[PDB]
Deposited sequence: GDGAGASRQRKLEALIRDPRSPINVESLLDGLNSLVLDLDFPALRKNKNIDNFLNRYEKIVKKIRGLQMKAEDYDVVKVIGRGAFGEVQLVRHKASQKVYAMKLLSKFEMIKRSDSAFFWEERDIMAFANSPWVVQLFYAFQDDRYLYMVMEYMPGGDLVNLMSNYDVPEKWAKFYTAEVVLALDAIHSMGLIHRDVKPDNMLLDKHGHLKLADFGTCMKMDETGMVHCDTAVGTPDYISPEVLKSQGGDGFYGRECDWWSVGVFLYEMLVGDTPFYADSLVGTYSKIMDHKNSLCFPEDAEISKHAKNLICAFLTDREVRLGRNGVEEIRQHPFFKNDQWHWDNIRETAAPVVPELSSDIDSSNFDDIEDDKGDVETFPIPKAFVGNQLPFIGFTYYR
């Protein structure tokens, strides 16, 4: 009557009280209590003695980091690292992103991962890196994703002088990816080549959504709407064609000052060639917000003359042949990823603290 409606809420995996969330709620509770200090309270000690045994079983059964073998580390970021991994049981290969709980609490920002998870879990988009499994332990959050063995576009740009044909393609794929993120009612903000990866067939998918909300690449307005992503597309196209970013400076303060002054501070080096159409398009993205391209939807971008080739159409671009198909030795060839160089947890508390509380609901099995 009501109890149908209730059982609906428990079965919906978008709901914050799905079964995974409720078990997080239990494991989180136990972890924030099981310290010999807090077991001085009888209420706690009783409760813990009951659930002690069952929770230790649950942990065995739930997905955990010991289910995977780490092959190589392939990424490092603010709050953790990205690992190439093999699921021991299934033998399949994934990319797994880790996030230190200690660090996220300590340094202010510990909400970003919700949208990141949801985007990757639920986009059904071939422009988004799909999330398969999210889970957690005492120390870390984990996100198991489809590995993208073609690497980022920094790694592409460093290894190729990039012709205009290639840039038409990679740009077009970006404008499509963003339109999808926009269709989901999100602004990326931090659009850049490090957040642009290449699949087994050298086609684009986006990853790292830490910034999605409901320096060189940043827009003036940021220093407020979706148009700021489209700025960053202009900057990208420029870096591909020219070689440097269009507001490069020695200092960061220099870069900022240049971005503000963009009306004056943008000229195109005469030693690099670039078409009129391509010049025009970059300038159309690098205006003030009020008359920037992509305010009035995606379609005005799509019909811009620059994008005319006799190679692909907008509806079929991702199903055409990519510029650079990677050649890969095995299911673990991380040749398009540079190697990586090289931990403090919470204090044992005296009273109750609730460190695990902002991570209840994270766990997701697809």
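A.B. asks: Do you know which deposited regions have no coordinates at all?
C.D. replies: Several regions go unmodelled: 1-6, 221-235, 245-252, 372-375.
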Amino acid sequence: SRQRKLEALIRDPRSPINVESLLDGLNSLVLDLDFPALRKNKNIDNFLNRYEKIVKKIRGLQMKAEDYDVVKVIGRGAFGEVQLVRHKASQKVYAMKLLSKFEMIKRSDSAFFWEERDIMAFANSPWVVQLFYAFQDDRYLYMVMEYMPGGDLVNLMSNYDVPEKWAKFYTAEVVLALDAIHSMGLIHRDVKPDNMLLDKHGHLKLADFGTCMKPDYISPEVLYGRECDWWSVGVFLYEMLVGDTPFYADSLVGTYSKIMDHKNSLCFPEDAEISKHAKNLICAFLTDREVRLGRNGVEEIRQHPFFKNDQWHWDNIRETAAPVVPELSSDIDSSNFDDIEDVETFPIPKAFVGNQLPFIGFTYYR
From here on, numbers count along this sequence of modelled residues.
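Here, rigid core means the biggest group of C-alpha atoms that superpose within 1.5 Å across both forms.
A.B. asks: Hey, after superposing on the core, which one moves around more in 8 other deposited structures of this protein, 48-56 or 313-321, CA-wise?
C.D. replies: With the rigid core fitted, 48-56 is the stretch that strays more in 8 other deposited structures of this protein.
A.B. asks: Going by root mean square C-alpha distance after a core fit, say whether 240-248 or 166-174 is farther from the shown form in 8 other deposited structures of this protein.
C.D. replies: Looking at 166-174 and 240-248 in 8 other deposited structures of this protein, the bigger mover is 240-248.
A.B. asks: Can you check if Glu344 is missing its coordinates in at least one third of the other PDB entries compared, counting only those that model the residues either side of it?
C.D. replies: No; none of the other entries leave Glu344 out.
A.B. asks: What stretch has the higher average Cα B-factor here, 30-38 or 306-314?
C.D. replies: It is 306-314 that shows the higher mean C-alpha B-factor.
A.B. asks: Which is higher on mean Cα B factor in this entry, 130-138 or 240-248?
C.D. replies: Going by the record's values, the stretch with the higher mean is 240-248.
A.B. asks: Could you tell me which one of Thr171, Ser275, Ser90, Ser100 shows the highest CA temperature factor in the PDB record?
C.D. replies: Checking the PDB record, the top C-alpha B-factor among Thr171, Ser275, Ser90, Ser100 is at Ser275.
A.B. asks: Among the choices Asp179, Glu221, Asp118, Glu146, identify the one whose CA B-factor in the record is greatest.
C.D. replies: Highest C-alpha B-factor among the listed residues goes to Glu221.
A.B. asks: Ranked by Cα temperature factor within the chain, is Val70 in the lowest third, the middle third or the highest third?
C.D. replies: According to the entry, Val70 has a C-alpha B-factor in the chain's middle third.
A.B. asks: Taking the C-alpha B-factors as the PDB entry records them, is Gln83 in the lowest, middle or highest third of its chain?
C.D. replies: Lowest third.
A.B. asks: Considering every modelled residue of the chain and its Cα B-factor in the PDB entry, is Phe122 in the lowest, middle or highest third?
C.D. replies: Answer is lowest: the recorded C-alpha B-factor places it there.
A.B. asks: Quick check on the deposited entry: does the C-alpha B-factor of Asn155 sit in the lowest, middle or highest third of its chain?
C.D. replies: According to the entry, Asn155 has a C-alpha B-factor in the chain's middle third.
A.B. asks: By its CA B factor, does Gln62 count among the lowest, middle or highest third of the modelled residues in the chain?
C.D. replies: As the PDB entry reports it, the C-alpha B-factor of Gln62 lands in the lowest third of its chain.
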